[PDB]
Amino acid sequence: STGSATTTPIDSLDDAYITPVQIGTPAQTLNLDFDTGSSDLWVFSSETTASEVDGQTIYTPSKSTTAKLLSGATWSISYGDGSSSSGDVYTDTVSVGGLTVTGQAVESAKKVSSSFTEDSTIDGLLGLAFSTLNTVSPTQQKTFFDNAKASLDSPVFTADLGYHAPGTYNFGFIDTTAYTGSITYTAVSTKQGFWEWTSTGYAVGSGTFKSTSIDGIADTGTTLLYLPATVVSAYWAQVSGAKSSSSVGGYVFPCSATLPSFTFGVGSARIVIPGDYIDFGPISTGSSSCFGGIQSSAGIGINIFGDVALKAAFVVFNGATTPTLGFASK
């Protein structure tokens, strides 16, 4: 089997991407944020505290003939950005892009933090990291990908995120029309439950490539690119008037600037992030200070190849016995 679903940016800055997911019988379609940095599939639901719901579509298990309470199971998650959610658990049929899993754990939120309530366009998250990070207790549950894997033509999914445009998530096949050149595969460590890999270095604009190992994760649920302070300072030093602002919480730059590209290494291959991808617009409406898409990972404890980086590439998440990541230009 295979599945193919279009993913759409939630706003004009590509802050996140939503992908329609069918849950239950008859289908209830919710728009979920596919998140390679976490391992819970959770939804706004009929059980969500009413004051914490503001425009989201909700999953109502009582209206699904295939829903079953997973008796005694609870979940609670805290994300790297300080956001959180918690609740109880149903099993139900879940379909993405034509690919169906029966008996999928659907984590029903009772509580969500303010950042989720404020995002009316995101009805939940679909985690695609390793199932070792799943928060269900007392019985840890599998991700949608882990449950689908054995049925798929190939044990893979691909992320093809658009710049200010829709893209695609594919399960079980590699669309050879979706990328240019060849796919370069690189080793993955699953020791922390993430798609953790090592970039071979970077370049700023037309500058020379610096060979240096940068360990980090491929995280579709993170908007920006978080890299060591040395690398980030080297990038922003090439932009007149760029500075790190403690008051704003990162590097900002004049909205009049033209940003240089940023290149990262995947083995002997190179992925180029155009400068425009690094512009996240005014820090506040009407400001001439713009927020940068490349930020320091200092204090986060890990480097994060978020959407800024991944949208520059066709990305293969290879869930074979020995997992690997693949990157192609597109």
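Residues numbered from 1 in each chain as written, not as in the entry; some residues may be left out. Heavy atoms only, no water. Residues with missing side-chain atoms left out of burial classes, pairs and counts.

Method of determination, as given in the entry header: X-ray crystallography; reported resolution: 1.0800 Å.

A. Representation of the overall build of the chain. When you go through the chain residue by residue, the secondary structure sums to 4 helices and 24 strands. Relative to the compact-globule value of 20 Å for 330 residues, the chain shows a C-alpha radius of gyration of 20 Å, a close match. Reported as C-alpha extents along the three principal axes, the dimensions of the chain are approximately 60 × 45 × 30 Å. Considering only intrachain contacts with a sequence separation of at least 6, the fraction spanning at least 24 residues in the chain is 66%. (Helix = DSSP H or I, 4+ residues; strand = E, 2+ residues; numbered from the N terminus. Rg over C-alpha atoms; globule rule 2.2 N^0.38 Å. Contact = heavy atoms within 4.5 Å.)

B. Local environment of the layout of surface pockets. In this model, the largest pocket occupies a volume close to 1,100 Å³. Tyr 79, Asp 81, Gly 221, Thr 222 and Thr 223 are the residues nearest the centre of the largest pocket, which is lined by 37 residues in total. Taken together, the elements giving at least two residues each to the lining of the largest pocket come down to β3 (28-35), β5 (68-78) and α1 (114-118). The residue inventory of the lining of the largest pocket, partitioned by class, reads 18 nonpolar, 12 polar and 7 charged. Each of domain 1 (5-174) and domain 2 (175-330) accounts for three or more of the residues forming the lining of the largest pocket. (1 Å grid on protein atoms, 1.4 Å probe; cavity = no way out; pocket = protein on both sides within 12 Å on 5 of 7 lines; lining within 4 Å. Points joined across faces, edges and corners; volume = space filled by probe spheres on them. Nonpolar A, V, L, I, M, F, W, Y, C, P; charged D, E, K, R; others polar. Domains from an automatic or database assignment.)

C. Just the nonpolar core, in detail. Residues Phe 171, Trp 236, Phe 262, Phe 264, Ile 273 and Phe 327 are the most contacted members of the largest nonpolar core, which totals 73 residues. Tallying contributions element by element places helix α3 (residues 229-236) first for this core, with 4 residues. Split by domain, the residues of this core number at least three in each of domain 1 (5-174) and domain 2 (175-330). Sequence-distant contacts of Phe 171, defined by excluding residues within four places in its chain, comprise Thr 2, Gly 3, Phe 34, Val 96, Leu 99, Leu 128, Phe 144, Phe 145, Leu 152, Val 156 and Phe 157. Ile 77, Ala 109, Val 112 and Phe 116 belong to the second largest nonpolar core, which has 17 residues in total. (Core = buried A, V, L, I, M, F, W, Y, C linked by side-chain atoms within 4.5 Å. Buried < 20%, exposed > 50% of the residue type's maximum accessible area, 1.4 Å probe, protein only.)

D. Molecular detail of α3. If you check which residues of α3 are buried, you get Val 231, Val 232, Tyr 235 and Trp 236. Projected down its long axis, α3 shows its buried positions confined to an angular sector of 125 degrees, all on one face. (Arc of directions from axis to C-beta.)

E. The arrangement of the pairing of strand β24 (residues 324-329) in detail. Within β24, 5 of the 6 residues are buried, which leaves the element mostly enclosed by the surrounding structure. Examined bridge by bridge, strand β11 (residues 180-187) and β24 share 5 bridges and lie antiparallel to one another. Residue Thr 184 lies in a different strand from β24, and its bridge partner there is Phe 327. When strand β23 (residues 314-318) meets β24, the two strands line up antiparallel, connected through 5 bridges. Bridge pairing links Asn 318 to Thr 324 in β24. Hairpin geometry of β23 and β24 is characterised by an intervening segment of 5 residues between the two adjacent antiparallel strands. (Pairing = 2+ DSSP bridges.)

F. The arrangement of the UniProt feature "disulfide bond" in the chain in detail. A separation of 2.1 Å between the sulfurs of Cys 255 and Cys 290 falls under 2.5 Å, matching the UniProt disulfide annotation for this pair. Here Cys 290 lies in strand β20 (residues 289-292) and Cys 255 lies in the loop between β16 (250-254) and β17 (262-266), a separation of 35 residues in the sequence. (Disulfide = S-S within 2.5 Å. UniProt positions renumbered as here; feature names shortened; annotations may be inferred.)

G. Quick look at the sheet that holds strand β21 (residues 294-296). Read from one edge to the other, the open sheet built from 7 strands follows the order β18-β17-β12-β13-β22-β14-β21, with strand pairing classed as mixed. The open sheet is flanked by β18 (269-273) and β21, the only strands paired with a single partner. On average, each strand axis in the sheet is inclined to that of its neighbour by 45 degrees, with strand direction left out of account. Relative to β18, β17 is paired through 5 bridges, and the arrangement is antiparallel. In the sheet register, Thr 263 faces β18, and the bridge partner there is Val 272. Contacts between α3 and the sheet are confined to β12 (196-204), β13 (210-218), β14 (225-227), β17 and β21, with β21 contributing the most and set at about 140 degrees to the helix. (Axes fitted to C-alpha atoms, helices over the stretch in contact; angles between N-to-C directions.)

H. Main features of the state of the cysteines. With the rule as written, the count across this model stands at 1 disulfide. Each sulfur in the disulfide pair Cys 255 and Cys 290 lies 2.1 Å from the other. Residues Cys 255 and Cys 290 are joined by a disulfide whose S-S torsion is about 110 degrees; by sign, that bridge is right-handed. You can call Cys 255 partly exposed: its relative accessible area is 29%. Classification of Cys 290 as buried rests on a relative accessible area of 3%.

I. Region of interest: the sheet that holds strand β15 (residues 243-245). Pairing in this open sheet of 4 strands is antiparallel, and the strands run β15-β16-β20-β19 from one edge to the other. Two strands lie at the open edges of the sheet, namely β15 and β19 (279-282), each paired on one side alone. In this sheet, adjacent strand axes meet at a mean angle of 40 degrees when their direction is disregarded. Examined bridge by bridge, β19 and β20 share 2 bridges and lie antiparallel to one another. Residue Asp 279 lies in a different strand from β20, and its bridge partner there is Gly 292.

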